[PDB]
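This document opens with one chain alone, in C-alpha cells, the form deposited in one PDB entry.
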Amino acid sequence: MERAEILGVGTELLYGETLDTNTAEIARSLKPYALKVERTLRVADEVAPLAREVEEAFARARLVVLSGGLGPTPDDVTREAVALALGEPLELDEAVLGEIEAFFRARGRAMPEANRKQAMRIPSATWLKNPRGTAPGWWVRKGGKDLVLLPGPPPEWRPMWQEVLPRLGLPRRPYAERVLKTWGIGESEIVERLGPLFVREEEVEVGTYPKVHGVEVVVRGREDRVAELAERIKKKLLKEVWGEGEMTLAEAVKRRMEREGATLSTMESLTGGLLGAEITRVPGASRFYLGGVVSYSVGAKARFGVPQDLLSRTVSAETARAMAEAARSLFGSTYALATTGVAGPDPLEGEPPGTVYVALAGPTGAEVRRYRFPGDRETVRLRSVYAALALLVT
C-alpha cells in the first residue's frame, strides 16, 4: 500500500492559535482509498523548511495534499516552496491574473500588487477553480504522483477538494470502521480478553483509546475483515460494551428512560452538579430528568436526607446507597443516581483522592460500585459522572 502525506501550512497551526482540523478532515476523506496515512504535518510559513518537508513528502508518497499559505502576504509561501521542492519555475498565468483582478473589481477595489503572485503556477500544475476566494489551487501530476495545493479556509477548499479527489485516479479499497464503547474494563484486561483478535495488520487493525467515559475500541480497514473481526470483539466484550458509533452515555441513559417511560433524579457530592450537567447536555432530557441536588456541605447532606450516623463516613458504599435512596424519595423519580468520594487534591475521612462510590436506586432496590480512579481533581470528577451513568446501561 502506498502513502498519502498531508501538510497543513501555517505557523499559527503549530501553536494551536488556529486549531488544525484541515489535515484531519483530509485524512478522513482518504479512508475509501488504498493509501496509508502514517503521519500528518503542520509546517511553519518559511520557504526553505517547507520546501524540504514537501520534497520529502513527495518522494515517499503517491499523494501529497497541502492546505494553507496561498494568500497574498509575505507569510504566504506555499507556491514558492512547492516549486522549489519539485525543481520547477513559477509562471504567471495572465488569464488567472485577470480573474483575481475581477474578484476585487467586483467588490469595488483595484487589485493589490501583493495578490499578483496568486496567478503563479508551475508547468506541471493545472488550476483548481476557487469561486469563493482569491486563490485558485493546484493539481500537480508528476511521476505518476499527485500533489494538490488547497487554500486554508474550509469553505474555500472543501468544494475544491471534493471535486478534484475522484479525478486523481486513487486506488480504491472498500473501507469500514466500527467503534465499540466500553465501561468498567481497563486496557490491560481488554488486551487479555481479545488475545490474537487484537490484530495489527495491513488489511485491518484494532486500536484502544482510553477516555474518561471508558475504553473505546476501534476496528478499521477492509470492509470484510472489519465486520467479522469487530463482531468477534463485541461478543468477547459483550457485558462491557454500552454503545457504538456516535452513542454517548447520556444518550444511552435517555434511551433507557424513554423505553421504560421512567424518570430520573440525582444527588451529588464530589461531582458538584457535573452529573446533572452531563445528563441534561442532551436535548429532550426534560422528558425524564426531574432534577437533582448538590449536597456539598455536611449540612446539605443532612438536609437532603443522608442519615446522621453516616455523616462521618460520607465516602462509603452505605452513604452512596442512602443518597440514591434519598434522591429517589425526594423527587419521586423511577431511578436516582448518587455520587460520593474524594476528588483530590487532599484526602477526606482518611480516604485518598480517587476513592469514589456511585449508586443507583430503582423500584427493585439499590446498588453501589466502588472505584479508585487515578487522575487529578477534574479528572476524578469526570470519571465519577460517567461511572454513575454507566450503572444504568452497564
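Residue numbers run from 1 along the displayed sequence.
Although not depicted, the form deposited in another entry is the subject of the following passage.
- Treating the change between the shown form and the other one as two rigid bodies, the C-alpha atoms of residue 339 and residue 187 are both best fitted by the same body's superposition.
- Between residue 36 and residue 181, the C-alpha separation grows by 3 Å or more in the other form, relative to the conformation displayed.
- Put simply, residue 177 and residue 162 come closer in the other form: their C-alpha atoms are 3 Å or more nearer than in the form shown.
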